[PDB]
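Only one chain is shown below, in structure tokens, and it's the form deposited without this ligand.
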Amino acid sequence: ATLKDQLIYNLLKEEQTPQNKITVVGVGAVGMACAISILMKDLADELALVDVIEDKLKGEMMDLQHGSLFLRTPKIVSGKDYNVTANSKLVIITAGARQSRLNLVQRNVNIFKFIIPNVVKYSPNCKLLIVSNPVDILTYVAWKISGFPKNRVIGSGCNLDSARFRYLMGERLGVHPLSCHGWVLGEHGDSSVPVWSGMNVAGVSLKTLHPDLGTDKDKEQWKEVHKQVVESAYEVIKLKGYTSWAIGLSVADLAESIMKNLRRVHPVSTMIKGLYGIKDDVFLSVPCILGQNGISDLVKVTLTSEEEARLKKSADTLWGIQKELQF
């Protein structure tokens, strides 16, 4: 017999559906950062990568595979064909077209019209995590095309924005970001909302201590912290050409909550119809409880009139683009 048969006696060839599988779609900088972070946090028992550039895809797969001795994810697969993604619990979408606003979103619609039905065909029960920008519109697109219930379509939304905010808050106060609490909500990008009323260390509200916090009268101009959050991508892109590591870590944190059913609260993009006077089918970031069935619950943050008006404006602008899209 073979050396394998001389060395190993088989009790059963009988294999099983992979039980904790993750797919990442897109193997650019963002997708590969998501992949390595997922691998180093031992979240999946099988990882699949899909992209349309076949050589790059195979090379990235192989490079990860060659690290297998130092990982605990025993199977890594890839291919242009979505059959490699079958029975994924979670599918992370990072592919898309990069930038006209309506035309750009329509180009990503046409891309998602190929990707999403493929994903659904092979993992009809998966959760979808949309990272591709503009994430709030593209989470809607994914939801529309998939037919999935709202709970199973999640946008990375303001998760990273909020992490950057807490990083920056930590530097100002000299405290680890883990102990600096603060939420950036709404539309990911220039119109996101820093919720001053919820910023705290050890349950001590900064706004109560410093009533002018986040206003034009603030002697310390904490508004600049939010400006830095919305500028951060630009600044990093100007310096290294793209952003990758921070988004990969933040996405892995979201995957952890879903795959381990933790029901931690994260600021991610979900369908907000019914809240803040919004009546259109639009997705925006609010704090959501994340777990095994995706977004089961959301936190009803108390917002001021101005903060609600900002979320409503974003919603109006997003709906205006969305009604003009062709599915």
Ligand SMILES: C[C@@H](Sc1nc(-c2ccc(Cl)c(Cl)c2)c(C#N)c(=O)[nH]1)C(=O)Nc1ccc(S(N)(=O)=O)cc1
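Heads up: residue numbers just count along the shown sequence, starting at 1.
There is also a form solved in complex with this ligand; it is not shown, and the following applies to it.
Although the partner is absent here, residue 216 lies well away from this ligand in the deposited bound form, with no heavy atom inside 4.5 Å. The closest non-hydrogen atom of residue 188 lies within 4.5 Å of this ligand in the deposited bound form. Put simply, residue 249 is far from this ligand in the deposited bound form: not one heavy atom of it is within 4.5 Å.
Taking the partner from the other structure, this ligand in the deposited bound form has a heavy atom within 4.5 Å of a heavy atom of residue 97. Proximity to this ligand in the deposited bound form, taken as a non-hydrogen atom within 4.5 angstroms, holds for one residue of 105, 145, 255, 126, which is 105.
The partner is absent here; in the deposited bound form, the one residue of 137, 193, 154, 91 having a heavy atom within 4.5 Å of this ligand is 137. Three-residue candidate spot 87, 259 and 295; no residue lies within 4.5 angstroms of this ligand in the deposited bound form by any non-hydrogen atom.
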